[PDB]
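# Structure for this input, please:
(chains A and B, ligands or ions: 4)
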There are 2 protein chains.
Amino acid sequence: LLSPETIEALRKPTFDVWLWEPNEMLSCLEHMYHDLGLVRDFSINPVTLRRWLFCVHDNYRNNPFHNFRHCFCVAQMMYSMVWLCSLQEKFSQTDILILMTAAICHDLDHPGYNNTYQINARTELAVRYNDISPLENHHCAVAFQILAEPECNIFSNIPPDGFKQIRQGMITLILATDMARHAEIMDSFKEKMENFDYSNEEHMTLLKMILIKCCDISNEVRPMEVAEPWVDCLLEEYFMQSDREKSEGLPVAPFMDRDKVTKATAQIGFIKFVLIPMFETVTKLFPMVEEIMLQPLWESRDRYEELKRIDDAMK
Amino acid sequence: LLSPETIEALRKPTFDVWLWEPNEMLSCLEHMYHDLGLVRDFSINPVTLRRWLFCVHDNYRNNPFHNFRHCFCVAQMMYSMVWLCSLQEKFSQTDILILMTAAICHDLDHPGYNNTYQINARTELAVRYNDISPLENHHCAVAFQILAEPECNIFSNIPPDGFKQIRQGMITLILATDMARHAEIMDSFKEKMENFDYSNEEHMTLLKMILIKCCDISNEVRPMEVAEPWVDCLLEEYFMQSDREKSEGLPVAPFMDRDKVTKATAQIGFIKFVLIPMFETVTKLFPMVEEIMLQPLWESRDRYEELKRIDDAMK
Ligand SMILES: CCC[C@H]1CN(CC(=O)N2CCc3ccccc32)Cc2c1[nH]c(=O)c(C#N)c2-c1ccc(C)cc1
Ligand SMILES: [Mg+2]
Ligand code: NA
Ligand code: NA
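Numbering: from 1, shown residues only, chains lettered A, B, ... in the order given. Ligands and ions are numbered 1, 2, ... in the order given. The relevant structure is shown in the block below.
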């Protein structure tokens, strides 16, 4: 249970996610729902909220990166963004609920190997989802198989009008965390940014997809003490893919090959080309993000480049 | 064995489809992949082609409408419009192969209850496909499961690069048979119709989708000896659903309700507001479409609107 200091600390992207076990992180997730007013406002059963989170945890696998601790991070970032940008002013509790609950469920039952792998290798998955985000489809399908189980049904006191709405909302947001759609989504978002209209449901739907996207890859925003380990974790998972592809005679992405990559090169690429554009467009709507999220993205890039000439002198 | 009155009758849309038993209709679909070049071309095995088709028979269901026979009508109709329109000049044999093969697999394993039931009943299927064309994804999914079996893999001898173009093609096509996407498809089709261009893959891709749709719903193009028994069938399914749907508290469509439908009324709008204006914008690119198809339609509309006043006098 929760230290009033921690209680404060948890809302900030600083927060050291490595000082926490699973079952403590679960106690943190429980807190966020209570704190955000979700439990009161959607008559969530407090036992059933605990049981669901266990049910959820249970169904993430032990991958180097795509494990429960990713999910917790993404959630905790969404919670963080909710306080930073005062999102409870700009969204309904039913939107807020959707964001949190998506965030938690978004990379569920991840097998460790992305869609590219799923597709190329004709996996039962990609067969079953016809090469359209077989992962991210599955994530949802699990997410609701879980919620179907009455003891893990935290929506049990929401009537069908509510549920239908949340279901669509979650399914959108989870499916947007395929990166194949990153520029697609980022373009459409910039288009609507010219004259952003908090009245306009398509604008908010985009905004929401962005927010979870920001979270689905916020790692580097955190302190580097905290952030860097994830990179190793990610790479470890990546090389674990390519080795199996190189084995089975399947395509290998340049970002996933042992020989071609370095930690320093790949992250410079990702920070400058993917992250800072996304967190820039979002800074337009919420200025308070420059300071808290762009700053330690700028720093993290400045570090990786000094680490680049150190990767270049050695080899 | 096929008599050459049959081998003549198959290439045109009149072809009566209630005569032939299953094993005989398989022979027709064999004839078509030899006759259209695809056996000679794609190095297709002559026994993997009779296994894949006997297999594909086993994985339709005994549905009042959406059955193997529906699969035959649509492909046999799809055959009819290769000669009719002379599509072997405009389209590649890849495009010819996809279109044929899609037609054959397009409503695979249909349970006889539409997207709107699966979803509203929160059925395993709907949960899995997240309300996104639940059936048209399931059909496509069952398809490529047969063609992953090595004793049915007709594409065995095809490259993955060819297979990958046959994949992300047959896919695009079967997901277009969700009439729920009808409106959306039509309008994007007339968007290109302004200035049509057989060079462009997209315009050509859109064309391909249109063509296959016209087939799923191509019953009243046929002679009303042949064409009218598919409105006793369609409704036998439609009612079976709306019996259970009322019986499980679930919304019922007007158009499926027992006591709001009389065959005639149903097909008049289904002809006036769906079939006619589709085939009309098919005919701008291929004029011979007018003669053969838009005719037996216009007359089936007349036939039904009189059949209407026999119904209206009675009630
Ligand atoms: C080895 C390079 C590390 C670098 C670049 N890399 C980018 C990448 O692999 N891909 C492959 C598909 C794609 C589409 C558009 C842009 C990039 C990429 C992955 C990544 C990086 N840094 C990160 O902090 C995170 C995080 N979170 C990710 C990351 C984030 C999400 C997921 C699903 C996977 C990886
Ligand atoms: Mg994911
Ligand atoms: Na687990
Ligand atoms: Na069967």
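# Excluding chain neighbours, give the residue nearest to the residue in the stretch 151-300 of chain A that ligand 1 sits nearest to in space.
Relative to ligand 1, the nearest point of the stretch 151-300 of chain A is residue A:266 (3.0 Å; C-beta to the nearest ligand atom). (C-beta placed from N, C-alpha, C; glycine too.) Using C-beta to C-beta, 6 or more residues apart in numbering or on different chains and skipping residues adjacent in sequence, the residue nearest residue A:266 is residue A:255, 6.2 Å away.
# Correct me if wrong: that neighbour contacts residue A:241.
No: in this structure, residue A:255 is not within contact of residue A:241 by C-beta atoms under 8 Å, at 10.3 Å.
# burial count for the closest residue in space to residue A:298 that isn't next to it in sequence?
Once flanking residues are discounted, residue A:298 sits nearest to residue A:276: 7.6 Å by C-beta to C-beta, 6+ apart. Residue A:276 has 18 neighbouring residues, counting by other C-beta atoms under 10 Å in any protein chain shown.
# how about the helix or strand residue A:276 falls within: buried residues?
Assigning secondary structure by DSSP states H and E places residue A:276 in helix A:276-285. Buried residues in helix A:276-285, defined by neighbour count with 16 or more other C-beta atoms under 10 Å in any protein chain shown: A:276, A:278, A:279, A:282, A:283.
# Output that helix as CSV, restricted to C-alpha atoms.
Provided in CSV are the C-alpha atoms of helix A:276-285 (Å, rounded to 0.1, in the frame of the first residue of the first chain):
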residue,chain,number,x,y,z
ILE,A,276,10.5,14.8,-30.8
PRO,A,277,8.1,15.4,-33.7
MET,A,278,5.2,13.6,-31.9
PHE,A,279,5.9,15.3,-28.6
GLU,A,280,6.3,18.7,-30.5
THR,A,281,2.8,18.6,-32.1
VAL,A,282,1.4,17.6,-28.7
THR,A,283,3.3,20.5,-27.1
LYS,A,284,1.1,22.9,-29.2
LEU,A,285,-2.0,21.8,-27.4
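# right, is it up against ligand 1?
No: contact of helix A:276-285 with ligand 1 is not found when judged by C-beta under 6 Å from any ligand atom; the minimum separation is 10.7 Å.
# what's downstream of that helix, the next helix or strand?
In N-to-C order, the element after helix A:276-285 by DSSP H and E is helix A:288-289.
# The closest residue to ligand 2 within chain A - how many residues pack around it?
Closest residue of chain A to ligand 2, C-beta to the ion: residue A:107 (3.7 Å). Applying other C-beta under 10 Å, we find 23 residues neighbouring residue A:107.
# just to revisit the earlier point, ok, the residue nearest to residue A:266 - contacts?
Contact partners of residue A:255, counting by C-beta atoms under 8 Å, 6 or more residues apart in numbering or on different chains, are A:238, A:261, A:266.
# Tell me how many other residues surround residue A:129.
Quick note: residue A:129 (other C-beta under 10 Å) scores 26 neighbours.
# With residue A:259 instead?
6.
# Need the three-state assignment for it.
Following DSSP: H, G, I helix; E, B strand; the rest coil, residue A:259 is assigned to coil.
# Now name the helix or strand holding the closest residue in space to residue A:144 that isn't next to it in sequence.
Closest residue to residue A:144 in three dimensions, ignoring its sequence neighbours and counting by C-beta to C-beta, 6+ apart: residue B:127, at 5.2 Å. Assigned by DSSP H and E, residue B:127 falls within helix B:124-129.
# what packs against that helix?
Judged by 3 or more C-beta pairs under 8 Å, 6 or more residues apart in numbering or on different chains; DSSP states H and E, helix B:124-129 is in contact with helix A:134-148, helix B:115-120, helix B:134-146.
# got those as JSON lines, with distance to residue B:86 and mean neighbour count columns?
Below are those laid out as JSON lines (distance: least, C-beta to C-beta, whole Å; neighbours: other C-beta atoms under 10 Å in any protein chain shown):
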{"stretch": "helix A:134-148", "distance to residue B:86": "38", "mean neighbour count": "22"}
{"stretch": "helix B:115-120", "distance to residue B:86": "35", "mean neighbour count": "20"}
{"stretch": "helix B:134-146", "distance to residue B:86": "28", "mean neighbour count": "22"}
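# could you redo the ones you listed as JSON lines and give each row distance to ligand 2?
Output for the helices and strands packed on helix B:124-129, formatted as JSON lines (distance: least, C-beta to the ion, whole Å):
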{"stretch": "helix A:134-148", "distance to ligand 2": "6"}
{"stretch": "helix B:115-120", "distance to ligand 2": "24"}
{"stretch": "helix B:134-146", "distance to ligand 2": "20"}
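# which of the contacts of residue A:255 has the most neighbours?
Counting by other C-beta under 10 Å, top hit in these: residue A:238 with 22 neighbours.
# quick one, phi psi at that residue?
Here is the backbone geometry of residue A:238 (degrees, to the nearest 10): phi -60, psi -60.
# Equivalent analysis for residue A:154, please.
Dihedral angles (degrees, to the nearest 10) for residue A:154: phi -80, psi -20.
# burial count for it?
Neighbourhood size, residue A:154 [other C-beta under 10 Å]: 26.
# now it: how far from residue B:287?
Distance of residue A:154 to residue B:287, computed by C-beta to C-beta, to the nearest Å: 60 Å.
# which ones are touching the residue nearest to the spatial centre of chain A?
Nearest to the geometric centre of chain A sits residue A:216, at 2.2 Å (C-alpha atoms, centre = their mean). If you count contacts by C-beta under 8 Å, 6+ apart, residue A:216 has them with A:74, A:106, A:107, A:177.
# Under a three-state scheme, what state does the closest residue to chain B within the stretch 151-300 of chain A occupy?
Relative to chain B, the nearest point of the stretch 151-300 of chain A is residue A:171 (4.6 Å; C-beta to the nearest C-beta). Following three-state DSSP, the label given to residue A:171 is helix.
# residues from the stretch 151-300 of chain A in reach of chain B?
Counting by C-beta under 8 Å from any C-beta of the partner chain, the positions of the stretch 151-300 of chain A adjacent to chain B are A:167, A:168, A:171, A:175.
# What subset of those residues is buried?
In these, the ones that pass as buried (16+ other C-beta under 10 Å) are A:167, A:171, A:175.
# Redo the residues you listed as JSON lines? Include distance to residue A:15.
Converted to JSON lines, those look like this (distance: C-beta to C-beta, whole Å):
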{"residue": "A:167", "distance to residue A:15": "30"}
{"residue": "A:171", "distance to residue A:15": "29"}
{"residue": "A:175", "distance to residue A:15": "28"}
